[PDB]
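In this analysis, Cβ positions are derived from the backbone assuming ideal geometry, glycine residues included, and neighbour counts consider all displayed protein chains. Derivation of every value follows stated rules applied to the coordinates shown; laboratory data play no part.
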Amino acid sequence: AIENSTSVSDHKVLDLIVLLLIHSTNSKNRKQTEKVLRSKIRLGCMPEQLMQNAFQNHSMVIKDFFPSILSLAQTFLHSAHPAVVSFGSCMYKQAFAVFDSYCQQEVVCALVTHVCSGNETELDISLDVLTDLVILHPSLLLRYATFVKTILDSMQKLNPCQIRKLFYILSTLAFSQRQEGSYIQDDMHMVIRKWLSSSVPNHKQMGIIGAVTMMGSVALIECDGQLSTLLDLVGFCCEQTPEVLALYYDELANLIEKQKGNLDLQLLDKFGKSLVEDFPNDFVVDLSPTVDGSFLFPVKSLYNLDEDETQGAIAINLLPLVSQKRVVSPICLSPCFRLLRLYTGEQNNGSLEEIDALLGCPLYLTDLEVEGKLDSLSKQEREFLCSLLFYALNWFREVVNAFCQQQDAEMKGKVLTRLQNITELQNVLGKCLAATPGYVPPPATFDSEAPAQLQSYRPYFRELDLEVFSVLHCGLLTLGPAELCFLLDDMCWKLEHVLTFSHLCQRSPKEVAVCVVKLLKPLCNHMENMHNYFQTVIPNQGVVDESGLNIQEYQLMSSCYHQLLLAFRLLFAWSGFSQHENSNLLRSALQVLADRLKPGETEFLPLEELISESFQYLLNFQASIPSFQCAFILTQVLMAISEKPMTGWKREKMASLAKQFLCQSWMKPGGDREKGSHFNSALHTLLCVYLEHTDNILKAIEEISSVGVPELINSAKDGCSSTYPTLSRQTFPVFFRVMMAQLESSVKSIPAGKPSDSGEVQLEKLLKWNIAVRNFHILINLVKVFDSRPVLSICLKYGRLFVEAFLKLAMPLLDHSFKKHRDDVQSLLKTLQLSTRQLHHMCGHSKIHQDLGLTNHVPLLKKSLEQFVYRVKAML
Amino acid sequence: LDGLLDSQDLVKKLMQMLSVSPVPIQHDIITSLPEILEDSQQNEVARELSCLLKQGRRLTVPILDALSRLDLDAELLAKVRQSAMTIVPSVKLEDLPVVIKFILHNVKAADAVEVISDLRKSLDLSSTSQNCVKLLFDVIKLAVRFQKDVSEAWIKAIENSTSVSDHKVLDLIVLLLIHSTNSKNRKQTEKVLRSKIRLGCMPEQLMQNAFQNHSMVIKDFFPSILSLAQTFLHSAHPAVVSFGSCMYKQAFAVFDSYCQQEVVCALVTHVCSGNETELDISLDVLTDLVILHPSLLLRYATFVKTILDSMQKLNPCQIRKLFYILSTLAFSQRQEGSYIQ
């Protein structure tokens, strides 16, 4: 009787207390207790604010509920369905807060054992101990002296990006305890000195991550002396040749990026001035860069000095270090440029004329020709010559694009010109990489991050996620189709991991949302309105019909709109905004309502901004002519904006979903564009059209069936979602057959006993469902004579489900046998009985290629239905 | 990365030369003194001290020294641990957890069912058990509970024991520890515990020692395993029911007031719903009233009074024991008791 409450569930803390009580005491009740509690967490009504009311108002009453229900539930509530995991995390985060010392030690050890074994949980754990370190800092180091230290002895288990959070933990405890803390972690990362030396193929990586992390905790003496000695080994591994110098560079860059307002100039200047100033004198001290010198393997001795020309000197200009090259780009290049651009932004502070301090790289960009980086014409392998030189080129230019993004209206254009030249360089580079047999994997898929290949050419893609780069370049035209393509692809491939890559995941997903959906809503909506204009023109449809002059511009202007709508989904379609802290949901929604639809509804109350913005979005949808690979997202976005289908306008949404399934951008102008993208797109849009269609799925599914009748004759009309000559592989069928078995299982309260004709109108509904089952099963054999590869295997599960639903509903055949009106109960129960039998005899001869064994195994299952029909015929 | 190549060898030679004055001073320094060469990191002192290890003071050195070890000196780490397994009866409670931690980290992720087996077999030389020894080995096994792979290893290697099981107080505690901590590893924990109760070798005298002389270590495992097993050990096979009765007939005796109130309520709910259990419960509260009489009426003022309101359920001969309970608490308290009943 705690489940059937919906008015007190948000105010009955005294329901949570009792639920923990019953779980703590009653042993056999506990598995049902967890179930009712979980199902009350989902479907709202049980927020983490109720749990704070329990912990922080009734602590002494709930203190008895602990290592039984409380810790065990909280561990057991880290499974899935992330409405409940922000509850399970609040249980650990408040049990540490209000309880006593044994309970604090036990929650700490619960988190630690939880991170020392676990696959998806370790994220929630590491963010949890992170919240514990940032929130209750002196109260955690007591419960840490061997407990949080432990997981370092299992860092090899899993920490791709969790290692930076883990050493954030250990460092924050080290710096918040002058009496004991700092020596502990300095000993940890010092034992990592032998690790830094050679203790594995790894453990030097982890060495410098830990070293810079403990080294930035000193940035906000005896600690200075302990620091410098364990820094000299970092310098030595840096002085050792490889990329382990570049990782030291990258780590110092990440430290400046993460803590910006703190970390005064003198401390970091003492840290790096010998690492910054190693760039503009790695090779560029010359005078006339038009000469080649040797520029070893000189393919670009004949064409040096690529196009920037916005400088007053040319010494080597990024060429000569790139000559011999074989660099991991700490050599006056990308990982070193990331520290140059950040020490230039912290030292010579203000960062405004400090971008103007480095008005080129070191006040130089490049010159006025095409090429200008030399690593071929002696490297006889066609791949490792330019496909490792142009990777460094693109990483260079997009470090320059991710670096200089301030409001310098002379540098803003050049940065847009830099993104443009990066697009053309990326095109030539991708052409060279494709023409390369294999690829230069090393500085594409192994360097530039560990120190569209997309994985390791990491800084070559607006850091592959850099949220401030899209702020400028997408807020710029608030200028280029293929530039909008690349910047939007970065936006989407970052919003995937972040909001549902070690420099985006250095911000919490709410902060990535606040900087993406909030502070970049209008810059994206304006380009979406411009694309809506270019679709009511012939820029998206001209190269199919009329404007056959830029064929390869329509594709890019389509992919831009597609990535824009996937951005519109992934910003809204995820938990990254739509949880109980929903003020940001309003700040994100009001900008969509007032985007072009009457900006006077700013202070409009909740559930009206959603209903307003949905009208403008659905008004846009009628021109979504991108060949509807994005219309499968133009429904997935709008469905994700509104809460559930309960809106009256959602009926027009579903009625427009049928218009889309009839259209798919008006019969999907490609003849092969339906193959593999649409093989999931149509199969998910059909689930929307059949999840709601004028509230009558039975008339709807029958309309699709009698539409599939026309799918045989001449193979295409009345719905292009399944109008391919091979029936679009009958994926509309596989969805329609999952729909009928759902409709039959749905009609269970329709047969309400056998009281009256109200209980007898359900017989007509089960009869119409059997009529639709017969119509589908009749075309099942007719289309199976065309083809039955997976269609047969789908029809087997369909027959197994529909007959099981008929057995579930046979209670209204035998109980409603006198309500079947025995003077007319022959044809009444005869319809379903003869239909199921004729279909089951039609259900045999396909799935039988098992050495003549399954020719009647389907009839062997059908004998159960025939026996039930015999019992019902004797019953009626 | 300075290669002081002969500055570990002459150092160790002169350190094994003079006397016992700077023994620990020259000893502890050799971790960062042999740290010059990456090849001499895990291989130079891999045998230069693996045989010189005769006392306890050299233990921290090889732990940090075997830095790479090619996953083979870790076998030699368990081997030098087997060498120190004899020093475990020779160190004499000086570096007990300081030694056992070296062995317990040595088999980290691989098969360790023989590692824990050799550990408990060496524990026959140290822990019936010594006075500090319970918390001593607990300061290693509790702190090794985290890895979640030597938990199940010690479970699957606690069954194959038949020589130490009667003196396995320090292997009684581990079953309660694994059950209280490891959630999915709890149903197998009850199974191995039950099957060790049956077939002898686990008497109520073991639980009595593990509750009386060694209690602050097990008092942490009360709110789960101990009460949640004793309620679940009242099912059948009455070799184990005289064990589950000792579990919460001794929990009332040594634990703190919350545990006493919770055992009394466990018995009271147990007799307020139960078919054959109610006999064991009623004799159990009977034992509590005859044994700890003034310590039960405090935990009784509404708790033992309750079952009068369900006497209609079942008490053919239990009603006489029930009113024996209530009458004994009545007559054992002149201040409040007699008025109550």
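Given R₀ = 30 Å, FRET efficiency for A:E496-A:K149 by Cβ-Cβ distance, to 0.05? Result of the calculation: an efficiency of 0.30.
Over the Cα atoms of the protein assembly as shown, each weighted equally, I'd like the Debye log10 I(q)/I(0) at q = 0.04, 0.07 Å⁻¹, rounded to two decimals. For the protein assembly as shown, the Cα-only Debye profile gives -0.33, -0.98. Short-range pairs are left out: with C-alpha atoms under 8 Å and at least six residues apart, the relative contact order of the range B:157-277 is 23 percent. Each residue of the range A:177-182 was assigned a 3J(HN,Hα) from its phi angle through the Karplus curve 6.51 cos²θ - 1.76 cosθ + 1.60 (θ = phi - 60°); the sequence is 9, 5, 6, 9, x, 5 Hz, with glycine and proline shown as x.
Partner shielding of A:66-72 amounts to 3, given as the average count of beta-carbon atoms from other chains within 10 Å of each residue beta-carbon. ³J(HN,Hα) across the range A:611-624 via Karplus (A = 6.51, B = -1.76, C = 1.60, θ = phi - 60°), whole Hz, x for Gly/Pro? For the range A:611-624, the Karplus-derived couplings read 5, 6, 5, 4, 5, 6, 5, 5, 5, 5, 4, 6, 10, 6 Hz, x marking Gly and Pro. Summary value for the range B:35-112: 31 percent relative contact order, contacts being C-alpha pairs under 8 angstrom separated by 6+ residues.
Once you reduce the range A:398-436 and the range A:505-577 to the center of their Cα atoms, the two points are 20 Å from each other.
For a paramagnetic label modelled on A:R673 (point 7 Å from Cα along Cα→Cβ), amide N atoms under 18 Å away belong, within the range A:595-632, to A:621-632. Computed from label points 7 Å out along Cα-Cβ, the spacing between A:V709 and B:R198 is 6.8 nm.
For the residues of B:219-225, the average number of beta carbons from a partner chain within 10 Å of their own beta carbon is 3.
Highest average first, the peptides B:39-51, B:57-69 ordered by how many other beta carbon atoms sit within 10 Å of their residues are B:57-69, B:39-51. Distance between the pseudo-spin-label points of A:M530 and B:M216 (7 Å out from Cα toward the beta carbon): 7.3 nm.
Going by a ≥ b ≥ c, the root eigenvalues of the Cα gyration tensor, does the range A:144-196 fall in the rounded group (a/c under 1.5), the prolate group (a/b larger than b/c) or the oblate group?
Numbers: a/c = 1.83, a/b = 1.40, b/c = 1.31.
Judged from the Cα gyration tensor, the range A:144-196 comes out prolate (a/c at least 1.5, a/b above b/c).
What shape does the range B:19-131 take by its C-alpha gyration tensor, where a ≥ b ≥ c are the square roots of the eigenvalues and a/c under 1.5 counts as rounded, a/b above b/c as prolate, and the rest as oblate? Intermediate values should be presented prior to the final figure.
Numbers: a/c = 2.66, a/b = 1.30, b/c = 2.04.
Because a/c hits 1.5 or more and a/b fails to exceed b/c, the range B:19-131 counts as oblate.
Counting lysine pairs in the range B:190-341 whose alpha carbons fall under 19 angstrom apart, excluding pairs fewer than 8 residues apart on the same chain, gives 5.
Centre-to-centre, using Cα atoms only, the range A:637-678 and the range B:28-89 are separated by 68 Å.
Taking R0 as 45 Å, what's the FRET efficiency between A:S351 and A:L662 from their Cβ-Cβ distance, rounded to 0.05? Show your work: numbers first, answer last.
Numbers: r = 54 Å, r/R0 = 1.21.
With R0 = 45 Å, the Cβ-Cβ based efficiency is 0.25.
How high is the relative contact order of the range A:531-679, in percent, with contacts defined as C-alpha pairs under 8 Å that are six or more residues apart? Spell out each step's value before the answer.
Values: 125 pairs, mean separation 37.1, N = 149.
Reported relative contact order: 25 percent.
With a ≥ b ≥ c the root eigenvalues of the C-alpha gyration tensor of the range A:729-871, is it rounded (a/c under 1.5), prolate (a/b larger than b/c) or oblate? Kindly include the intermediate steps, with their values, before the conclusion.
Details: a/c = 2.49, a/b = 1.75, b/c = 1.42.
Prolate, since a/c reaches 1.5 and a/b exceeds b/c.
Loop-located trypsin sites (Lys or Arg not before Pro) in the range B:273-341 (DSSP state other than H, G, I, E, B) with a sparse environment of at most 16 neighbouring Cβ atoms within 10 Å: B:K313, B:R334. Put in line by how crowded their Cβ is, counting other Cβ atoms within 10 Å and starting with the fewest, A:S197, A:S329, A:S101 read A:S101, A:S197, A:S329.
Amide H to amide H distances under 5 Å link A:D367 with A:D306, A:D308, A:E309, where only residues 5 or more positions off or on other chains count and H is placed in the peptide plane. Residues of the range B:50-72 with backbone nitrogen within less than 13 Å of a virtual label 7 Å along the Cα-to-Cβ line of B:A143, please, listed as ranges. B:60, by backbone N distance to the label point. Ordered by the count of other Cβ atoms within 10 Å of each Cβ, fewest first, A:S817, A:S274 give A:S274, A:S817. Centroid-to-centroid, using Cα positions, the range A:65-92 and the range B:166-191 are 23 Å apart. Distance between the modelled labels on A:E652 and A:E180, one decimal in nanometres: 6.7 nm (7 Å Cα→Cβ projection). Under a 5 Å amide H cut-off, with hydrogens placed 1.01 Å from N, A:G118 pairs with nothing among residues at least 5 apart or on other chains.
The trypsin sites (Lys or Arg not before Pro) of the range A:797-847 meeting both criteria, a DSSP state outside H, G, I, E and B (loop) and at most 15 other C-beta atoms within 10 angstrom of the site's C-beta, are A:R822. In a DSSP loop and with at most 13 other Cβ atoms within 10 Å, the GluC sites (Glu not before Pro) in the range A:614-715 are A:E643. Computed from the C-beta positions of A:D408 and A:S583 and an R0 of 35 Å, the FRET efficiency is 0.55 to the nearest 0.05. Annotation: the residues A:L657, B:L72, sorted from fewest to most other C-beta atoms within 10 Å of their own C-beta, follow the order B:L72, A:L657.
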